[PDB]
Amino acid sequence: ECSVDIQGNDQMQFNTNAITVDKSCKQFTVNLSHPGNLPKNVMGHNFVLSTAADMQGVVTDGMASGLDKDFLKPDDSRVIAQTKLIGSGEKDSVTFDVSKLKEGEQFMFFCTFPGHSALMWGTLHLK
Ligand SMILES: [Cu+2]
């Protein structure tokens, strides 16, 4: 209820490709964890939400803002929600206002650690 728990693992994958957010949620929370034993600088993960059309841009630029910036460009107005980059045995969360989701989609989530978005992406939808 108003939350989803997402794992990114040592196999460069998330546990789901699809998130639903109920419309009667004021806020929605994403809880990210990283089971496994690989460290952040070789298999780090984060959770980033944008519109599908902004995805490409957000990724290309995170790639370059580097590891210290969570592979995210700071002040990226295109990012609706984001976590920090985490490694094995770490966690992170992000809570955001569901009004930020223009009742019209289309939204995708993904990891911006370099190369990962090939495997680590999914959809988020209202309802
Ligand atoms: Cu990743």
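Residues numbered from 1 in each chain as written, not as in the entry; some residues may be left out. Heavy atoms only, no water. Residues with missing side-chain atoms left out of burial classes, pairs and counts.

Method-wise, the PDB entry is recorded as coming from X-ray crystallography, at a reported resolution of 1.700 Å.

As a reminder of what qualifies: UniProt positions are given in the numbering used here, feature names are shortened, and annotations may be inferred rather than shown by experiment.
Looking at the PDB entry, one finds the chain named Azurin and attributed to Pseudomonas aeruginosa. In its Function section, the UniProt entry covering the chain states "Transfers electrons from cytochrome c551 to cytochrome oxidase."

### What to know about the pattern of salt bridges
Just so we agree on the cut-off: Every case where a carboxyl oxygen of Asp or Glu lies within 4 Å of a side-chain nitrogen of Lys or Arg is listed as a salt bridge. Numbered from the N terminus, helices here are DSSP runs of H or I no shorter than four residues, and strands are runs of E no shorter than two.
In this structure, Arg78 and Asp61 form a salt bridge, with 3.1 Å as the shortest nitrogen-oxygen distance. Remark: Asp61 occurs in helix α2 (residues 52-65) and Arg78 occurs in the loop between α2 and β5 (81-82); sequence separation between them is 17 residues.

### Considering the UniProt feature "binding site: Cu cation" in the chain
Worth spelling out the cut-off: Any two residues whose heavy atoms approach within 4.5 Å are treated as being in contact.
UniProt feature "binding site: Cu cation": in the numbering of this structure it lies at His45, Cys111, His116 and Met120. For the annotated residues, spread through 76 residues, the largest C-alpha to C-alpha distance comes to 9.1 Å, consistent with a single compact locus. With respect to the secondary-structure elements, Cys111 resides in the loop between β7 (107-110) and β8 (121-126). If we ignore the near neighbours within four places in the chain, the residues touching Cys111 are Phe14, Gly44, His45, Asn46, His116, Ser117 and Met120. Looking at where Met120 falls in the secondary structure, it is placed in the loop between β7 and β8.

### Digging into the environment of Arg78
Rules: We call two N or O atoms a polar contact when they sit within 3.5 Å, provided that within protein one can donate a hydrogen and the other can accept it, with sequence-adjacent residues counted only if both atoms are side-chain atoms.
Spatially, the C-alpha atoms of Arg78 and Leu49 are 8.6 Å apart, while their sequence positions differ by 29 residues. Excluding residues within four positions of it along the chain, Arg78 makes contact with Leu49, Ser50, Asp54, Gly57, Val58 and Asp61. Engagement of the side chain of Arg78 in a polar contact is seen with the side chain of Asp61, the distance being 3.1 Å. Within the local environment of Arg78, its side chain forms a polar contact with the side chain of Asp76, the two groups lying 2.8 Å apart.

### Here we look at the sheet that holds β8
Our working definition: Here, strands pair whenever DSSP counts at least two bridges between them. For every element, the axis is a line fit to its C-alpha atoms; helices are fit only across the contacting stretch, and the angle between N-to-C directions ranges from 0 to 180 degrees.
One open sheet holds the 5 strands; their spatial order is β2-β8-β7-β4-β5, and the pairing between them is mixed. The sheet is open, and its two edges are formed by β2 (18-21) and β5, each paired on a single side. Sheet topology places strand β4 (residues 48-51) next to β7; 4 bridges connect them, and they run antiparallel. Following the sheet pairing, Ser50 is matched in β7 by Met108. Here α2 sits on the sheet and contacts β4, β7 and β8; the angle it forms with β4, its principal contact strand, is near 130°.

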